[PDB]
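Enquirer: Chains as they are written, first to last, in our numbering: chain R, 7 to 61; chain E, 7 to 61; chain L, 7 to 61; chain A, 7 to 61; chain F, 7 to 61; chain X, 7 to 61.
Where a beta carbon is used, it is the ideal one built from N, C-alpha and C, also for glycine.
What follows is a structure written as structure tokens; I'll ask about it next.
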RNA sequence: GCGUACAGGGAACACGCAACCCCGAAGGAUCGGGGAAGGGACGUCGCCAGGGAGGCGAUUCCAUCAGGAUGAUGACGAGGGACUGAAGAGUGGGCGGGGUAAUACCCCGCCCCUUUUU
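Printed below as a string of structure tokens:
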């Protein structure tokens with residue numbers, strides 16, 4: 007928790023085989039990248055997050 | 007795989023129950039917050055993997 | 007009175023507890039930023055607010 | 007918040023009677039030059055602000 | 007077969023004089039042009055082959 | 007005659023026995039030219055056609 | 001990612017464009033509509049030779065060291081209430097001195113332009 011200074015092009019083996027990686031910083035948006043396996047779902051979509059909060 | 011944009015002080019629940027969360031940007035560095043639970047580990051990249059597999 | 011040659015995105019507080027910053031510089035254009043509490047006022051071209059003050 | 011887009015020397019007074027001006031821009035450096043009285047304080051957010059935080 | 011790597015506007019003759027070029031690429035829908043003689047029954051994809059199959 | 011939309015490889019035959027089908031897009035270059043019959047002299051891009059014009 | 005000379009009070013991002021995704025009930029021709037979002041996209045830009053098929057080149061505090069905690073530090077006289085500064089280069093413009101038979105050019109003390117120093 008709170009790992010400061012993971013620079014743009016690093017962080018290649020974190021979590022466990024899920025690889026959260028910073029790929030591109032432009033101002034105040036940070037294009038994060040998850041490479042989780044296909045049996046583990048990733049959702050960011052607000053309305054998909056509201057329907058994962060509903061059902 | 008590429009989630010679009012996650013901005014400063016957002017990103018409530020992504021992936022599984024890990025809350026990979028951004029905590030601002032000071033220049034060209036980031037501050038990733040990961041509140042994964044207390045039996046899964048989050049270590050950094052393959053330097054530590056080659057520490058343990060050369061021990 | 008010429009306190010500091012302020013860099014792009016340098017400060018977070020200048021003077022007293024008013025939180026006046028900068029952000030965004032395109033050439034000679036410098037976008038100043040005031041994050042004051044809303045009970046006090048700020049104006050770009052104050053000639054009509056001074057003439058309405060005298061009214 | 008992002009109220010004003012001044013170039014070099016375009017205004018000399020911003021706001022009410024607190025006298026936060028802009029007097030010359032050295033490119034990326036921008037010069038806040040004030041004429042607030044001695045009974046109110048003017049400071050910065052620097053190592054002297056950490057000195058005033060400590061003492 | 008797989009006679010690939012043309013750039014924008016690159017090819018002008020494929021086989022005999024049928025003049026199949028490649029226009030600009032916006033997204034993934036490529037803009038295949040053809041400037042053939044119209045006496046051959048060139049069309050779109052296999053829905054028109056289904057149209058001549060029923061006809 | 008200029009079909010503006012074709013998707014990535016969704017055809018197998020187009021028109022008569024020429025069967026233009028794309029496979030891949032990176033940059034602004036494209037793959038083309040699959041599955042022509044072998045009896046017609048197919049060559050590219052144009053400099054071999056100028057070489058046969060010298061013949 | 002690129003232009004704005006424009007513009008008014010409380011929106012850490014105002015107008016084009018590009019860029020992306022989807023539909024056509026679509027054609028003999030660079031045809032329309034919608035949005036700032038959605039889905040598995042190992043992201044952006046650039047070049048080379050060929051045939052029943054695929055390969056190559058460059059990327060941002062690149063400032064370090066450390067964790068499982070809304071961290072430490074490395075960066076300007078080194079801080080300033082006089083409308084404050086200090087240091088270093090360069091393009092130029094004027095003055096005076098030197099590189100001295102002499103002319104032109106190039107360095108040095110002074111003032112303005114650009115740029116560097118949390």
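With a threshold of 16 other CB atoms inside 10 Å of the CB of residue 31 of chain A, please say whether the residue is buried or exposed.
Expert: Classified as buried, residue 31 of chain A has 16 or more neighbouring CB atoms from the shown chains inside 10 Å of its CB.
Enquirer: With a threshold of 16 other CB atoms inside 10 Å of the CB of residue 11 of chain A, please say whether the residue is buried or exposed.
Expert: exposed
Enquirer: From the beta carbon of residue 37 of chain A, is the nearest beta carbon of chain L less than 7 Å away?
Expert: yes
Enquirer: Give the range of the alpha helix (DSSP H) segment to which residue 53 of chain R is assigned.
Expert: In this chain, the alpha helix (DSSP H) harbouring residue 53 of chain R covers 52-60.
Enquirer: With DSSP as the reference, identify every bridge partner of residue 32 of chain R, one or two as the case may be.
Expert: R:35
Enquirer: Helix, strand or coil, according to DSSP, for residue 23 of chain R in the structure here?
Expert: coil
Enquirer: Quick one: grab the DSSP three-state call for residue 11 of chain A.
Expert: strand
Enquirer: Given that residue 52 of chain L touches chain A, what residues does it touch there, using C-beta distances under 7 Å?
Expert: Chain A residues near residue 52 of chain L: 19.
Enquirer: Keeping to the same chain, check which residues put their C-beta closer than 7 Å to that of residue 18 of chain F; ignore five residues upstream and five downstream.
Expert: 25 and 27
Enquirer: Given this structure, state the Cα-to-Cα distance separating residue 42 of chain F from residue 36 of chain X, to the nearest angstrom.
Expert: Distance between the alpha carbons of residue 42 of chain F and residue 36 of chain X is about 21 Å.
Enquirer: Report the option in R:29, R:8, R:20 and R:22 whose CA atom is closest to the CA atom of residue 14 of chain R.
Expert: The option with the nearest alpha carbon to residue 14 of chain R is R:29.
Enquirer: Quick one: using the 10 Å Cβ neighbour count with 16 as the cut-off for buried, is residue 21 of chain A buried or exposed?
Expert: Counting Cβ neighbours within 10 Å, residue 21 of chain A comes out buried, since at least 16 surround it.
Enquirer: Using a threshold of 7 Å, state whether the C-beta atoms of residue 9 of chain R and residue 38 of chain E are closer than that.
Expert: yes
Enquirer: Please state whether the Cβ-Cβ distance between residue 40 of chain A and residue 7 of chain L is less than 7 Å.
Expert: yes
Enquirer: Please list, in chain order, all residues of the same chain as residue 49 of chain X whose beta carbon is under 7 Å from its beta carbon, the five residues on each side excluded.
Expert: 55
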